[PDB]
Amino acid sequence: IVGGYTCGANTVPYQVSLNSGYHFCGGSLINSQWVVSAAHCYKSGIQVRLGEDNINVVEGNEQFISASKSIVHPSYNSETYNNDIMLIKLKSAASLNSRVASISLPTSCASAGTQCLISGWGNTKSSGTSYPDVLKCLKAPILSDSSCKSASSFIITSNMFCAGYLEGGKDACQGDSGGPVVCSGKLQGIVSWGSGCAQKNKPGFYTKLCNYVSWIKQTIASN
Ligand SMILES: [Ca+2]
């Protein structure tokens with residue numbers, strides 16, 4: 001997260017880190033046994049780390065649970081990032097408390113102008129690389145589709161929205177992928193991609209979760 005702020009320990013209790021011997025992506029806890037992340041974050045042997053603040057220090061609110069299933073959307077396109085969504089089943093249920101909690105799925109889509117919270121342990125620099133110890137947060141509005149369509153040579157699919165700041169300096173970045181975009185207490189987005197990070201006229205692009213709710217419920221119910 002570039003241009004964000006330190007969230008505070010466990011203030012985003014649905015935020016998880018996906019770990020393969022190092023943090024590589026975020027995700028969102030949606031019930032005691034299931035995490036939503038990005039399809040482009042898929043790999044074998046993921047360990048889900050819940051209750052994290054400082055990802056480099058054992059502080060005492062962590063639960064580390066192996067993924068038992070990592071399910072990429074069947075229509076994920078790795079070139080366009082269309083349908084950039086993955087469901088992870090935990091090998092055992094997480095123990096839910098104030099610091100480890102699920103986030104609600106949306107009942108409807110959010111409108112342009114809605115303010116959202118984006119979070120993660122991704123790169124905090126727009127030029128070069130710096131990875132934080134603690135969770136970073138960014139308040140960002142959903143933009144109109146014409147501001148994303150004009151804002152990229154790749155035209156935005158109906159399964160994506162963009163959010164953030166056309167002036168530059170405030171955005172998600174590498175290592176934030178798969179993490180949450182929460183608006184009005186509902187999980188509306190998944191950190192998907194962008195052109196660089198926090199560049200002028202190049203907002204962040206997010207998987208539009210409201211389109212996937214029935215798919216998520218069905219996939220969970222069958223697995
Ligand atoms: Ca920790």
Side-chain angles (χ1 to χ4, degrees), residues 1-71 85-104 116-126 128-140 170-182 185 187 189-192 197-198 204 206-207 209:
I1 302 292
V2 178
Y5 62 94
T6 292
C7 305
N10 308 297
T11 56
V12 189
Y14 52 85
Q15 169 86 52
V16 308
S17 166
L18 304 187
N19 184 285
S20 58
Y22 53 97
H23 165 84
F24 69 88
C25 272
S28 302
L29 189 68
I30 59 161
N31 63 42
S32 65
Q33 304 178 261
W34 287 90
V35 164
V36 172
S37 187
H40 87 263
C41 292
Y42 172 85
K43 59 173 77 179
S44 56
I46 290 171
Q47 185 188 64
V48 178
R49 298 188 166 197
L50 306 101
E52 285 284 17
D53 190 44
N54 188 323
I55 53 166
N56 295 311
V57 172
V58 178
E59 297 183 288
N61 287 293
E62 298 92 350
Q63 297 172 47
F64 297 172
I65 306 169
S66 291
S68 60
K69 310 179 159 171
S70 295
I71 305 176
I85 180 170
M86 171 173 68
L87 290 167
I88 295 167
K89 189 178 198 183
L90 307 178
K91 184 176 179 172
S92 53
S95 183
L96 300 186
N97 54 60
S98 70
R99 301 185 179 87
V100 180
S102 59
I103 189 69
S104 295
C116 302
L117 180 68
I118 306 177
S119 49
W121 291 273
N123 193 359
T124 60
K125 298 204 292 181
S126 51
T129 303
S130 179
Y131 289 107
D133 290 328
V134 300
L135 186 63
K136 301 303 181 171
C137 276
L138 177 70
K139 299 287 225 317
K170 282 176 167 194
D171 197 5
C173 200
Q174 180 178 6
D176 291 321
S177 292
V181 181
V182 167
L187 186 64
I190 306 174
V191 181
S192 183
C197 302
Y206 301 92
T207 308
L209 223 17

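In this chain, numbering begins with 1 at the start of the sequence shown. Order of listing sets the numbers, starting from 1, for every ligand and every atom in it.
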Compare every heavy atom of [Y] with every heavy atom of [X], then report the nearest pair and how far apart it is.
{"X": "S119", "Y": "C7", "value": "CB-SG, 4.4 Å"}
{"X": "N123", "Y": "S130", "value": "OD1-N, 2.9 Å"}
{"X": "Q15", "Y": "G179", "value": "NE2-CA, 4.3 Å"}

Under 3.0 Å from the Ca ion (ligand 1) - protein N/O/S, by chain and number: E52 OE1, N54 O, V57 O, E62 OE2
OG-NZ distance between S70 and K43, expressed to the nearest 0.5 angstrom: 11.0 Å
The single option from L50, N10, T11 that satisfies side chain to side chain contact (heavy atoms under 4.5 Å, CB included) with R99 is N10
Step-by-step side-chain contact (heavy atoms from CB on, under 4.5 Å) determination, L18 to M86: CA-CA 12 Å; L18 304 187; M86 171 173 68; 4.3 Å; yes
